[PDB]
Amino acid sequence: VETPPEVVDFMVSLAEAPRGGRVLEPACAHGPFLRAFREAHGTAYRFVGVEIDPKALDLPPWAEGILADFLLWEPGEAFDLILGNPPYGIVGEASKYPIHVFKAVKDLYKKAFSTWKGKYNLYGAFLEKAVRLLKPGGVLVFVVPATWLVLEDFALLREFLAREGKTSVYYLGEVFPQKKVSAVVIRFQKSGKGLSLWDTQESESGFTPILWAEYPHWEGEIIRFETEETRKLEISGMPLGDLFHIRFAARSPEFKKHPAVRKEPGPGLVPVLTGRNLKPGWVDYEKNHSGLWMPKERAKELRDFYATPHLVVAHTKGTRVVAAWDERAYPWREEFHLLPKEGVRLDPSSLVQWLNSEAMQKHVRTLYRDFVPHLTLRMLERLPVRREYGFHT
């Protein structure tokens, strides 16, 4: 619920409004962005803050305060400038997710937002809402998690931004103390088109932006930090996804409902493996991390691919490629499981060595930095491997 002063200062340096313009801080609490903007650019604007919690709303006389759910709020008139730090979190059951609303409210959210996809996130909804509240040519400056650059849940959001105007993304990374989030600033303007990607560096003003790459024809594709070397490697090889079907492991409740699964070791039973069992180039078949055991030979009932040795790639070891050949064909409750496409003939050991290579680790760290704590399917399917006869590049 806080933004560091130098993140505020950076964002205000990116903000613009015509004089007499309408300036809005959604989820405002005491209105730090309104205050910072007014300090920097003076008093000749109309300042509005929207806050859902009356005990949090605390603005000076010069700002209009509104007590409402920003996501359901409909002003009479659109805005010249919208800035701030929206709330984040998945709306769902408290046992698993942090954002708790009545089902009727979540239904209203899904109705209001065309970018709502999968579990989605409050911050996605705040972005779509803000764009919708902009006058043509209006500017939005938000600080949000980096996850929307790459994740499937945000594909509709990226496509929406791409067609609604022009987007600049500035990577900050993990700049909130005591908060484990890699953050970006988004500067969007409701006009023109394209994407500009910027790095940043800490400075006495706060952050200095460094232009990284421009994508004038951006249509909502995943956003990555490309370099000469990442580009060269990709074109030198072919995508891993063109050689393999990529599946995910059966999930924990699938195992818990299977008649042969037990919560205890026993004769003829094998541990159900998790990501903690997967190592670079080998599998630990000994230690049980799942709390579940089953007859090895019945695993194929959950997914057919459990029946034979195959390549397993890690999902939750950060931005890394950690791969092994599961020669025993054990049951897995986690990770990616890669099955060769028709007529593909490879050497498991060669491919494993390549995927685990220092070169491959550097490749993914460059493109995807710390946006998310996973190697995702979208990243995995693009990993460059040797070109194979029958599908070159």
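In case it trips you up, residue 1 is the first one in the sequence shown, and so on. We call the rigid core whatever largest set of C-alpha positions still superposes within 1.5 Å between the two forms.
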Fitting on the rigid core only, I'd like to know which of the two stretches, 195-203 or 310-318, ends up farther away in Cα terms in 5 other deposited structures of this protein.
195-203
Core-aligned Cα RMS comparison in 5 other deposited structures of this protein - stretch that moves more, 230-238 or 108-116
230-238
Residue stretch of maximal mean CA temperature factor, 194-202 vs 142-150
194-202
Of 310-318 and 100-108, the one with larger mean CA B-factor
100-108
Residue, from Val185, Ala260, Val175, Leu157, that the PDB entry assigns the highest Cα B-factor:
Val175
Selection by C-alpha B-factor (highest) of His374, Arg378, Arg22, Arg369:
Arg22
If you rank every modelled residue in this chain by C-alpha B factor, which third holds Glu77: lowest, middle or highest?
highest
Splitting the chain's C-alpha B-factors into thirds, which one does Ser114 fall into?
middle
Going by the recorded CA B-factors, say which third of the chain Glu342 sits in, lowest, middle or highest.
highest
State the tercile, meaning the lowest, middle or highest third, of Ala27 with respect to the CA B-factors recorded for its chain.
lowest
Temperature factor at the Cα of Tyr171, chain-ranked in thirds, falls in the lowest
